[PDB]
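Trainee: Contents of model37.csv (CSV, C-alpha atoms and all ligand atoms) are given next:
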chain,number,residue,atom,x,y,z
A,1,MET,CA,9.7,-26.4,23.2
A,2,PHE,CA,8.6,-23.8,25.8
A,3,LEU,CA,9.7,-20.3,24.9
A,4,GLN,CA,9.6,-17.1,26.9
A,5,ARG,CA,7.8,-14.3,25.0
A,6,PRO,CA,9.8,-11.1,24.6
A,7,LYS,CA,8.1,-7.8,25.5
A,8,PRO,CA,5.7,-7.0,22.7
A,9,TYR,CA,5.9,-4.0,20.4
A,10,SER,CA,3.2,-3.4,17.9
A,11,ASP,CA,5.4,-1.9,15.2
A,12,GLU,CA,8.0,-4.7,15.3
A,13,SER,CA,8.9,-6.5,12.0
A,14,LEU,CA,8.3,-10.2,12.0
A,15,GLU,CA,12.0,-10.8,11.5
A,16,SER,CA,13.0,-8.7,14.5
A,17,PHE,CA,10.4,-10.6,16.6
A,18,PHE,CA,12.0,-13.9,15.8
A,19,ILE,CA,15.5,-12.6,16.5
A,20,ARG,CA,14.5,-11.4,19.9
A,21,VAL,CA,12.8,-14.8,20.7
A,22,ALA,CA,16.0,-16.6,19.7
A,23,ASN,CA,18.1,-14.2,21.8
A,24,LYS,CA,15.8,-14.3,24.9
A,25,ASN,CA,15.6,-18.1,24.8
A,26,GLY,CA,19.3,-18.8,24.5
A,27,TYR,CA,19.6,-19.8,20.9
A,28,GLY,CA,22.9,-19.1,19.1
A,29,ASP,CA,21.3,-16.9,16.4
A,30,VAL,CA,17.9,-16.7,14.7
A,31,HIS,CA,18.8,-19.3,12.1
A,32,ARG,CA,19.5,-21.9,14.7
A,33,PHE,CA,16.2,-21.0,16.4
A,34,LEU,CA,14.3,-21.4,13.1
A,35,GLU,CA,15.9,-24.8,12.5
A,36,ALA,CA,14.9,-25.8,16.0
A,37,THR,CA,11.3,-24.5,15.4
A,38,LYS,CA,11.0,-26.5,12.2
A,39,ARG,CA,12.2,-29.5,14.1
A,40,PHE,CA,9.6,-29.0,16.8
A,41,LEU,CA,6.8,-28.6,14.2
A,42,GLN,CA,7.9,-32.0,12.7
A,43,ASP,CA,7.9,-33.6,16.2
A,44,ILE,CA,4.2,-32.6,16.7
A,45,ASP,CA,3.6,-33.6,13.0
A,46,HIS,CA,2.4,-30.2,11.8
A,47,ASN,CA,1.0,-30.4,8.3
A,48,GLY,CA,3.3,-27.6,7.0
A,49,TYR,CA,6.5,-28.4,8.9
A,50,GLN,CA,8.4,-29.3,5.8
A,51,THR,CA,8.0,-25.8,4.3
A,52,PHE,CA,8.7,-23.8,7.5
A,53,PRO,CA,11.4,-21.3,6.6
A,54,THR,CA,15.0,-21.5,7.9
A,55,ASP,CA,16.1,-18.4,6.1
A,56,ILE,CA,15.2,-15.3,8.1
A,57,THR,CA,14.9,-13.2,4.8
A,58,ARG,CA,12.0,-15.5,3.7
A,59,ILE,CA,10.0,-15.8,6.9
A,60,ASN,CA,7.0,-13.6,5.8
A,61,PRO,CA,4.0,-15.4,4.2
A,62,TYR,CA,4.3,-13.3,1.1
A,63,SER,CA,7.7,-15.0,0.5
A,64,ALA,CA,6.0,-18.4,0.3
A,65,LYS,CA,4.9,-19.0,-3.3
A,66,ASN,CA,2.4,-21.8,-2.7
A,67,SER,CA,2.7,-22.6,1.1
A,68,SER,CA,1.5,-19.3,2.4
A,69,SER,CA,-1.4,-20.8,4.3
A,70,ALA,CA,0.7,-23.5,5.8
A,71,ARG,CA,3.0,-20.7,6.9
A,72,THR,CA,0.2,-18.8,8.6
A,73,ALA,CA,-1.1,-22.1,10.2
A,74,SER,CA,2.4,-22.7,11.6
A,75,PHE,CA,2.5,-19.2,13.1
A,76,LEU,CA,-0.9,-19.6,14.6
A,77,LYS,CA,0.1,-23.0,16.1
A,78,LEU,CA,3.4,-21.6,17.5
A,79,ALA,CA,1.7,-18.5,18.9
A,80,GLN,CA,-1.0,-20.6,20.5
A,81,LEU,CA,1.2,-23.4,21.8
A,82,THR,CA,5.0,-22.9,22.5
A,83,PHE,CA,4.8,-19.8,24.8
A,84,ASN,CA,4.3,-18.9,28.4
A,85,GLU,CA,1.9,-16.3,27.2
A,86,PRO,CA,0.6,-16.0,23.6
A,87,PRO,CA,2.4,-13.4,21.5
A,88,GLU,CA,1.2,-11.4,18.5
A,89,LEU,CA,2.8,-13.3,15.7
A,90,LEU,CA,0.2,-13.2,12.9
A,91,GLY,CA,-0.1,-9.4,13.5
A,92,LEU,CA,3.5,-8.7,12.5
A,93,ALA,CA,3.6,-10.8,9.3
A,94,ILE,CA,3.4,-9.3,5.8
A,95,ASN,CA,0.8,-11.3,3.8
A,96,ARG,CA,-0.2,-11.1,0.2
A,97,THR,CA,-3.6,-9.7,-0.4
A,98,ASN,CA,-5.7,-9.7,-3.6
A,99,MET,CA,-6.4,-6.0,-3.3
A,100,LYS,CA,-4.9,-3.7,-5.9
A,101,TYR,CA,-3.7,-0.1,-6.5
A,102,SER,CA,-4.8,1.4,-9.8
A,103,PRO,CA,-4.0,0.9,-12.6
A,104,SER,CA,-2.4,-2.5,-12.1
A,105,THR,CA,-0.3,-2.8,-8.9
A,106,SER,CA,-0.7,-5.7,-6.5
A,107,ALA,CA,-0.6,-5.3,-2.7
A,108,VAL,CA,0.4,-6.8,0.7
A,109,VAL,CA,-1.1,-6.4,4.2
A,110,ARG,CA,0.2,-6.3,7.7
A,111,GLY,CA,-2.3,-6.2,10.5
A,112,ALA,CA,-5.0,-4.0,9.0
A,113,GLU,CA,-2.5,-2.0,6.9
A,114,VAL,CA,-2.5,-2.4,3.1
A,115,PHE,CA,0.6,-1.5,1.1
A,116,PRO,CA,1.2,-1.3,-2.7
A,117,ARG,CA,3.6,-4.1,-3.7
A,118,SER,CA,5.7,-1.6,-5.6
A,119,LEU,CA,6.8,-0.1,-2.3
A,120,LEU,CA,7.8,-3.4,-0.7
A,121,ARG,CA,11.6,-3.5,-0.6
A,122,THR,CA,12.9,-6.3,-2.8
A,123,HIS,CA,16.6,-6.5,-1.6
A,124,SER,CA,18.4,-5.1,1.4
A,125,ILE,CA,16.2,-3.6,4.2
A,126,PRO,CA,17.7,-0.4,5.6
A,127,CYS,CA,17.6,0.4,9.3
A,128,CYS,CA,18.0,3.1,11.9
A,129,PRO,CA,20.9,2.3,14.3
A,130,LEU,CA,19.6,4.8,16.7
A,131,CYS,CA,16.3,2.9,17.0
A,132,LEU,CA,18.1,-0.5,17.1
A,133,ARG,CA,20.5,0.6,19.8
A,134,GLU,CA,17.8,2.5,21.7
A,135,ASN,CA,14.9,0.1,21.5
A,136,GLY,CA,16.4,-3.2,20.6
A,137,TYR,CA,14.0,-4.1,17.8
A,138,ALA,CA,13.5,-3.1,14.1
A,139,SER,CA,10.4,-1.4,12.6
A,140,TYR,CA,8.2,-2.9,9.9
A,141,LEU,CA,8.3,0.5,8.3
A,142,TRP,CA,11.9,-0.1,7.2
A,143,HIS,CA,10.5,-2.7,4.8
A,144,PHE,CA,8.7,0.0,2.6
A,145,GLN,CA,10.0,2.5,0.1
A,146,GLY,CA,8.9,6.1,0.6
A,147,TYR,CA,9.7,5.9,4.4
A,148,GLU,CA,13.3,7.1,3.8
A,149,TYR,CA,14.0,8.9,7.1
A,150,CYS,CA,13.4,7.7,10.6
A,151,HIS,CA,10.3,9.6,11.8
A,152,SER,CA,11.7,9.6,15.4
A,153,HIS,CA,15.3,10.5,14.9
A,154,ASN,CA,14.9,12.5,11.6
A,155,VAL,CA,18.0,11.0,10.0
A,156,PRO,CA,18.1,9.1,6.6
A,157,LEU,CA,18.0,5.3,7.0
A,158,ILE,CA,21.2,3.5,6.3
A,159,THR,CA,21.8,0.6,3.8
A,160,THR,CA,25.6,0.3,4.0
A,161,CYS,CA,28.3,0.7,6.7
A,162,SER,CA,31.2,3.0,5.9
A,163,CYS,CA,33.2,0.0,4.6
A,164,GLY,CA,30.9,-0.8,1.7
A,165,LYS,CA,29.6,-4.0,3.4
A,166,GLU,CA,25.8,-3.5,3.4
A,167,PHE,CA,24.2,-3.9,6.8
A,168,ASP,CA,20.9,-5.9,7.0
A,169,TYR,CA,19.5,-6.3,10.5
A,170,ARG,CA,17.8,-9.5,9.5
A,171,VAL,CA,21.1,-11.3,8.9
A,172,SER,CA,23.5,-9.2,11.0
A,173,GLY,CA,21.4,-8.6,14.1
A,174,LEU,CA,19.6,-6.0,16.2
A,175,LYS,CA,22.5,-4.2,17.9
A,176,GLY,CA,23.6,-2.3,14.8
A,177,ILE,CA,27.2,-3.6,14.7
A,178,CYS,CA,28.8,-4.3,11.4
A,179,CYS,CA,29.6,-7.8,10.4
A,180,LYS,CA,32.9,-7.4,8.5
A,181,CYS,CA,34.5,-4.4,10.2
A,182,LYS,CA,32.8,-5.0,13.6
A,183,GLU,CA,32.2,-1.3,13.9
A,184,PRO,CA,28.9,0.3,15.0
A,185,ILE,CA,27.3,1.9,11.9
A,186,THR,CA,27.0,5.7,11.6
A,187,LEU,CA,24.7,8.0,9.7
A,188,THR,CA,25.1,10.6,6.9
A,193,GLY,CA,18.8,16.9,5.9
A,194,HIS,CA,15.6,17.3,3.9
A,195,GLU,CA,12.5,18.6,5.7
A,196,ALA,CA,10.1,17.1,3.0
A,197,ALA,CA,11.3,13.6,3.5
A,198,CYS,CA,10.8,13.9,7.3
A,199,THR,CA,7.2,15.0,6.9
A,200,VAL,CA,6.4,12.1,4.6
A,201,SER,CA,8.1,9.6,7.0
A,202,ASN,CA,6.2,10.8,10.0
A,203,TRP,CA,3.0,10.7,8.0
A,204,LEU,CA,3.6,7.1,6.7
A,205,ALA,CA,4.2,6.1,10.3
A,206,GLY,CA,0.6,7.2,11.1
A,207,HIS,CA,1.1,10.6,12.7
A,208,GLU,CA,-0.4,13.9,11.8
A,209,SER,CA,2.0,15.7,9.5
A,210,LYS,CA,0.6,18.8,7.9
A,211,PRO,CA,-0.1,19.6,5.1
A,212,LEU,CA,-0.5,15.9,4.3
A,213,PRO,CA,-4.0,14.6,4.8
A,214,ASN,CA,-5.2,12.5,7.8
A,215,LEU,CA,-6.2,9.3,5.9
A,216,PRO,CA,-6.2,5.6,6.9
A,217,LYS,CA,-2.7,4.2,6.6
A,218,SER,CA,-3.5,2.1,3.5
A,219,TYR,CA,-4.5,5.3,1.6
A,220,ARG,CA,-1.4,7.2,2.6
A,221,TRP,CA,0.7,4.5,0.9
A,222,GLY,CA,-1.8,4.8,-2.0
A,223,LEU,CA,-1.0,8.5,-2.4
A,224,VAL,CA,2.8,7.7,-2.5
A,225,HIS,CA,2.0,5.2,-5.2
A,226,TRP,CA,-0.3,7.6,-7.0
A,227,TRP,CA,2.3,10.4,-7.0
A,228,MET,CA,4.9,8.0,-8.4
A,229,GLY,CA,2.6,7.4,-11.4
A,230,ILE,CA,1.8,11.1,-11.8
A,231,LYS,CA,5.4,12.2,-11.7
A,232,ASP,CA,6.4,9.0,-13.5
A,233,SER,CA,9.5,8.3,-11.5
A,234,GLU,CA,10.4,7.4,-8.0
A,235,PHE,CA,8.8,9.3,-5.3
A,236,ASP,CA,9.7,12.9,-5.1
A,237,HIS,CA,9.2,13.9,-1.5
A,238,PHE,CA,9.5,17.6,-2.1
A,239,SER,CA,6.8,18.1,-4.8
A,240,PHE,CA,4.5,15.7,-2.9
A,241,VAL,CA,4.4,17.9,0.2
A,242,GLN,CA,4.2,20.9,-2.2
A,243,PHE,CA,1.2,19.3,-3.8
A,244,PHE,CA,-0.8,19.0,-0.6
A,245,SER,CA,0.2,22.4,0.7
A,246,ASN,CA,-1.9,23.8,-2.3
A,247,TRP,CA,-4.6,21.1,-2.1
A,248,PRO,CA,-7.2,21.1,-3.5
A,249,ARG,CA,-6.3,23.8,-6.1
A,250,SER,CA,-3.1,21.9,-7.0
A,251,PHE,CA,-5.2,19.0,-8.1
A,252,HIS,CA,-7.8,21.2,-9.8
A,253,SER,CA,-4.9,22.5,-11.8
A,254,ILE,CA,-3.7,19.0,-12.8
A,255,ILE,CA,-7.2,18.2,-14.0
A,256,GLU,CA,-7.8,21.4,-15.8
A,257,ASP,CA,-4.4,21.4,-17.5
A,258,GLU,CA,-5.0,17.8,-18.6
A,259,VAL,CA,-8.4,18.3,-20.2
A,260,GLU,CA,-7.3,21.5,-21.9
A,261,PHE,CA,-4.2,19.7,-23.3
A,262,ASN,CA,-6.2,16.9,-24.9
A,263,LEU,CA,-8.9,19.2,-26.2
A,264,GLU,CA,-6.2,21.0,-28.2
A,265,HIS,CA,-4.9,17.8,-29.6
A,270,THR,CA,-15.7,16.1,-31.0
A,271,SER,CA,-18.5,13.5,-30.9
A,272,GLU,CA,-15.8,10.8,-30.9
A,273,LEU,CA,-14.3,12.0,-27.6
A,274,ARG,CA,-13.7,9.1,-25.2
A,275,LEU,CA,-13.3,9.5,-21.5
A,276,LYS,CA,-9.8,7.9,-21.9
A,277,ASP,CA,-9.0,10.5,-24.5
A,278,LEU,CA,-9.7,13.4,-22.2
A,279,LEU,CA,-8.9,12.1,-18.8
A,280,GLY,CA,-7.5,8.6,-19.3
A,281,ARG,CA,-4.4,8.4,-17.1
A,282,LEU,CA,-6.0,10.6,-14.4
A,283,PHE,CA,-9.3,8.8,-14.1
A,284,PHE,CA,-8.3,5.1,-14.2
A,285,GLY,CA,-5.2,5.8,-12.3
A,286,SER,CA,-7.2,6.9,-9.3
A,287,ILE,CA,-10.0,4.4,-8.9
A,288,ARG,CA,-8.5,2.0,-6.3
A,289,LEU,CA,-6.0,3.7,-3.9
A,290,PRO,CA,-6.6,0.9,-2.7
A,291,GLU,CA,-10.5,1.2,-2.9
A,292,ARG,CA,-13.3,3.5,-4.0
A,293,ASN,CA,-14.0,4.7,-0.5
A,294,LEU,CA,-14.5,8.4,-1.3
A,295,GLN,CA,-14.0,9.5,2.3
A,296,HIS,CA,-10.4,8.2,2.0
A,297,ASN,CA,-9.7,8.1,-1.8
A,298,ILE,CA,-9.5,11.9,-2.0
A,299,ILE,CA,-8.1,11.8,-5.6
A,300,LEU,CA,-11.1,9.9,-6.9
A,301,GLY,CA,-13.4,11.9,-4.7
A,302,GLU,CA,-12.1,15.2,-5.9
A,303,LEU,CA,-12.2,14.0,-9.5
A,304,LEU,CA,-15.8,12.8,-9.3
A,305,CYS,CA,-16.8,16.1,-7.6
A,306,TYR,CA,-15.1,18.1,-10.4
A,307,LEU,CA,-16.8,16.0,-13.0
A,308,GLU,CA,-20.3,16.0,-11.4
A,309,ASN,CA,-20.2,19.8,-11.4
A,310,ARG,CA,-18.9,20.1,-15.0
A,311,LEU,CA,-21.3,17.4,-16.2
A,312,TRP,CA,-23.5,19.3,-18.7
A,313,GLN,CA,-21.4,22.5,-19.2
A,314,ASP,CA,-20.3,23.4,-22.7
A,315,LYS,CA,-23.1,21.4,-24.4
A,316,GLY,CA,-22.4,18.4,-22.2
A,317,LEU,CA,-18.7,17.9,-23.1
A,318,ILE,CA,-18.1,15.8,-19.9
A,319,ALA,CA,-21.5,14.0,-20.0
A,320,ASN,CA,-21.1,12.8,-23.6
A,321,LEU,CA,-17.6,11.4,-23.2
A,322,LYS,CA,-17.6,7.7,-24.4
A,323,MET,CA,-16.9,4.6,-22.5
A,324,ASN,CA,-16.5,0.8,-22.7
A,325,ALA,CA,-18.3,-1.9,-20.9
A,326,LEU,CA,-14.9,-2.7,-19.6
A,327,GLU,CA,-14.4,0.9,-18.3
A,328,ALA,CA,-18.0,1.0,-16.8
A,329,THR,CA,-17.2,-2.1,-14.7
A,330,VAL,CA,-14.1,-0.4,-13.2
A,331,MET,CA,-16.1,2.7,-12.5
A,332,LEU,CA,-19.1,1.0,-11.0
A,333,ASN,CA,-17.3,-2.0,-9.4
A,334,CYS,CA,-19.7,-4.4,-11.1
A,335,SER,CA,-19.2,-7.5,-13.3
A,336,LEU,CA,-19.5,-7.6,-17.1
A,337,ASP,CA,-22.6,-9.8,-16.9
A,338,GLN,CA,-24.4,-7.0,-15.1
A,339,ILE,CA,-23.5,-4.5,-17.8
A,340,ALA,CA,-25.1,-6.8,-20.4
A,341,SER,CA,-27.9,-7.5,-18.0
A,342,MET,CA,-28.7,-3.8,-17.7
A,343,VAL,CA,-28.4,-3.4,-21.5
A,344,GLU,CA,-31.1,-6.0,-22.1
A,345,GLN,CA,-33.7,-4.7,-19.6
A,346,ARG,CA,-32.8,-1.2,-21.0
A,347,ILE,CA,-31.5,0.2,-17.7
A,348,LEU,CA,-28.4,1.3,-19.5
A,349,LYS,CA,-28.8,2.3,-23.1
A,350,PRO,CA,-26.1,2.2,-25.7
A,360,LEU,CA,-22.4,-7.6,-26.9
A,361,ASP,CA,-19.0,-5.9,-27.7
A,362,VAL,CA,-17.1,-5.3,-24.5
A,363,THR,CA,-14.6,-3.0,-26.2
A,364,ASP,CA,-17.1,-0.9,-28.2
A,365,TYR,CA,-17.5,2.6,-26.9
A,366,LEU,CA,-21.3,2.5,-26.7
A,367,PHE,CA,-21.9,4.3,-23.4
A,368,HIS,CA,-21.7,7.9,-22.1
A,369,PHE,CA,-20.0,8.9,-18.9
A,370,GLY,CA,-23.1,10.9,-17.9
A,371,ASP,CA,-25.2,7.8,-18.0
A,372,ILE,CA,-22.7,5.7,-16.2
A,373,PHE,CA,-22.3,8.4,-13.6
A,374,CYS,CA,-26.0,8.6,-13.0
A,375,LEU,CA,-26.3,4.8,-13.0
A,376,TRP,CA,-23.6,4.8,-10.3
A,377,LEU,CA,-25.7,7.1,-8.2
A,378,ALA,CA,-28.9,5.2,-8.9
A,379,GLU,CA,-27.8,1.6,-8.4
A,380,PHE,CA,-24.2,1.2,-7.3
A,381,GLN,CA,-23.4,3.5,-4.3
A,382,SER,CA,-22.1,1.8,-1.2
A,383,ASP,CA,-21.6,3.0,2.3
A,384,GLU,CA,-18.1,4.1,1.1
A,385,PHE,CA,-18.3,4.6,-2.7
A,386,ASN,CA,-20.8,7.3,-2.7
A,387,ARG,CA,-21.1,11.0,-3.6
A,388,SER,CA,-22.0,12.2,-0.1
A,389,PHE,CA,-18.3,12.2,0.9
A,390,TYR,CA,-17.4,15.0,-1.6
A,391,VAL,CA,-20.5,17.0,-1.1
B,401,ZN,ZN,15.4,5.9,14.4
B,402,ZN,ZN,31.9,-2.2,7.9
Step by step, read the file and then write its structure as structure tokens.

Mentor:
Amino acid sequence: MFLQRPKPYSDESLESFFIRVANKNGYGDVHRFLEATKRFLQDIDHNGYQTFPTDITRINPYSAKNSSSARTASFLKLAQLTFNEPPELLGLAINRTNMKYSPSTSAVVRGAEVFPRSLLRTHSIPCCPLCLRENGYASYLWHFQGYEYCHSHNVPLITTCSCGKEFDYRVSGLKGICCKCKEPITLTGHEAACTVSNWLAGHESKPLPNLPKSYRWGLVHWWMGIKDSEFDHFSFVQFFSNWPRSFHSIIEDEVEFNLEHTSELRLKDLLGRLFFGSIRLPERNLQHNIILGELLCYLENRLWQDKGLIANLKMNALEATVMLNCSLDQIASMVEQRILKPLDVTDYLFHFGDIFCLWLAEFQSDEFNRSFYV
């Protein structure tokens, strides 16, 4: 097999790339090219040929339960071997990662971009026919919730042709023609959804903040947990048009609420959802995690006010590990040499003020450090 590489586009989905390779190189459709690829990997006896996917909806390494590394090895082999000129294959693939978004959400990665798994579309991938007809390839962005309008054409993305037969470019191709009715698909205008889409695509879109892409998706994920429902594009842009006082109001309303409803006060009692919901969006880089950065700034300045209400709030060993990004052994190790003064991992032995100062004294990194909110 010697394939001709189609013209590269950095924002192309892996599926669209394989469809264009199949088209350019004379294969009937992408499924026939995948079967032929699997057959070639067998002919050269490639250790993972047997698990190479023939279903275009399962081609990404995240779709492989246990053969994800055989999958990436096959992509590297193909990109290095079967082409006139090496293509960027690995760079288009969506991989699992072990990173997380607080409190408990897993993640995927494409190139250097990390996404919360909650936003990864589970069923039918929408498209923009204007992009398909105009450019001839599909965008990786269509795979992720929150990007609901095309940032280039400003129209909602489409899931279904007018005939109720859902259109999925992975199975029904890159021209934007309906399978069943054989008609080209048509569209169906919120300003707030457009801003978010342009922002998630990586472009400056005021009043949304200029953060690395992984942290933009983190903010979508964070707002969904704050609003406790699917992403509300309107109130999200409204939130950042009044930033930072909009967030200072969320913090102040929250602590006042819990004070109304004293030595027993735990950090989770006063600020539970807010604090542990913000730690990893996806990491504690305070230049980029502006939620955690603003929260720590607000807490540092209110530390000893009101007879130390903030500083005396009680914490677990478990919660101190999530704050400091250390292990449980190190907590017990600091207890013994009396670096940290209070074993029981669930007992609320420690004070936020001590944990905060310990962070400053022993656990600041080049990213997780107070200088970014100063
Ligand atoms: Zn478009
Ligand atoms: Zn139709």

Trainee: Within 6 Å of segment 280-293 of chain A, counting all atoms listed in the file, which residues qualify if same-chain residues fewer than 6 places away don't, as a PyMOL selection string?

Mentor: chain A and resi 100-103+219+222+300+384-385

Trainee: Around ligand ZN 402 (chain B), out to 6 Å and counting only C-alpha atoms and all ligand atoms, which residues are there? I want them as a PDB file with C-alpha atoms, in the coordinates of the input.

Mentor:
ATOM      1  CA  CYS A 161      28.300   0.700   6.700  1.00  0.00           C
ATOM      2  CA  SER A 162      31.200   3.000   5.900  1.00  0.00           C
ATOM      3  CA  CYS A 163      33.200   0.000   4.600  1.00  0.00           C
ATOM      4  CA  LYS A 165      29.600  -4.000   3.400  1.00  0.00           C
ATOM      5  CA  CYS A 178      28.800  -4.300  11.400  1.00  0.00           C
ATOM      6  CA  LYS A 180      32.900  -7.400   8.500  1.00  0.00           C
ATOM      7  CA  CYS A 181      34.500  -4.400  10.200  1.00  0.00           C
TER       8      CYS A 181
END

Trainee: Kindly indicate which residue among A:196, A:141, A:21, A:317 lies nearest to ligand ZN 401 (chain B), using only C-alpha atoms and all ligand atoms for the distances.

Mentor: A:141

Trainee: To one decimal place, how far is atom CA of residue 104 of chain A from atom CA of residue 118 of chain A in Å?

Mentor: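 Taking atom CA of residue 104 of chain A as the start and atom CA of residue 118 of chain A as the end point, the length is 10.4 Å.
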
Trainee: For the point (-5.1, -11.7, 15.3) in file coordinates, what residues are within 9 Å, counting all atoms listed in the file? Give the answer as a ChimeraX atom specification?

Mentor: /A:76,88-91,111

Trainee: Identify, counting all atoms listed in the file, the protein, DNA and RNA residues located within 7 Å of ligand ZN 401 (chain B), and give them as number ranges by chain.

Mentor: A: 128-131, 150-153

Trainee: Compare A:54, A:188, A:297, A:10 by their minimum atom-to-atom distance to residue 155 of chain A, counting only C-alpha atoms, and give me the closest one.

Mentor: A:188

Trainee: In Å, how far is it from atom CA of residue 140 of chain A to atom CA of residue 205 of chain A?

Mentor: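 So the answer is 9.9 Å.
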
Trainee: Enter the distance from atom CA of residue 53 of chain A to atom CA of residue 170 of chain A, in Å, rounded to one decimal.

Mentor: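 Rounded to one decimal, the two atoms are 13.7 Å apart.
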
Trainee: Complete segment 247-263 of chain A at the level of N, CA and C atoms, written as a CSV table (one decimal), in the coordinates of the input.

Mentor:
chain,number,residue,atom,x,y,z
A,247,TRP,N,-3.4,21.9,-1.9
A,247,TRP,CA,-4.6,21.1,-2.1
A,247,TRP,C,-5.8,21.9,-1.6
A,248,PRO,N,-6.9,21.9,-2.3
A,248,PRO,CA,-7.2,21.1,-3.5
A,248,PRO,C,-6.9,21.8,-4.8
A,249,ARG,N,-6.5,23.1,-4.8
A,249,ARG,CA,-6.3,23.8,-6.1
A,249,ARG,C,-5.2,23.2,-6.9
A,250,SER,N,-4.2,22.6,-6.3
A,250,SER,CA,-3.1,21.9,-7.0
A,250,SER,C,-3.6,20.8,-7.8
A,251,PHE,N,-4.6,20.0,-7.3
A,251,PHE,CA,-5.2,19.0,-8.1
A,251,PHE,C,-6.2,19.5,-9.1
A,252,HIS,N,-6.9,20.6,-8.8
A,252,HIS,CA,-7.8,21.2,-9.8
A,252,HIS,C,-7.0,21.7,-11.0
A,253,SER,N,-5.8,22.1,-10.7
A,253,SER,CA,-4.9,22.5,-11.8
A,253,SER,C,-4.4,21.3,-12.7
A,254,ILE,N,-4.1,20.2,-12.0
A,254,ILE,CA,-3.7,19.0,-12.8
A,254,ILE,C,-4.9,18.6,-13.7
A,255,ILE,N,-6.1,18.6,-13.2
A,255,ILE,CA,-7.2,18.2,-14.0
A,255,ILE,C,-7.5,19.1,-15.1
A,256,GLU,N,-7.5,20.4,-14.8
A,256,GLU,CA,-7.8,21.4,-15.8
A,256,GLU,C,-6.7,21.5,-16.9
A,257,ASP,N,-5.4,21.4,-16.5
A,257,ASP,CA,-4.4,21.4,-17.5
A,257,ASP,C,-4.5,20.1,-18.4
A,258,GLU,N,-4.9,19.0,-17.8
A,258,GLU,CA,-5.0,17.8,-18.6
A,258,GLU,C,-6.1,17.8,-19.6
A,259,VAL,N,-7.3,18.2,-19.3
A,259,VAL,CA,-8.4,18.3,-20.2
A,259,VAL,C,-8.2,19.3,-21.3
A,260,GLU,N,-7.7,20.5,-20.9
A,260,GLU,CA,-7.3,21.5,-21.9
A,260,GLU,C,-6.3,21.0,-22.9
A,261,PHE,N,-5.3,20.2,-22.4
A,261,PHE,CA,-4.2,19.7,-23.3
A,261,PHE,C,-4.8,18.8,-24.3
A,262,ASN,N,-5.7,17.9,-23.9
A,262,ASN,CA,-6.2,16.9,-24.9
A,262,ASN,C,-7.3,17.5,-25.8
A,263,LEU,N,-8.0,18.5,-25.3
A,263,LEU,CA,-8.9,19.2,-26.2
A,263,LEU,C,-8.2,19.9,-27.4
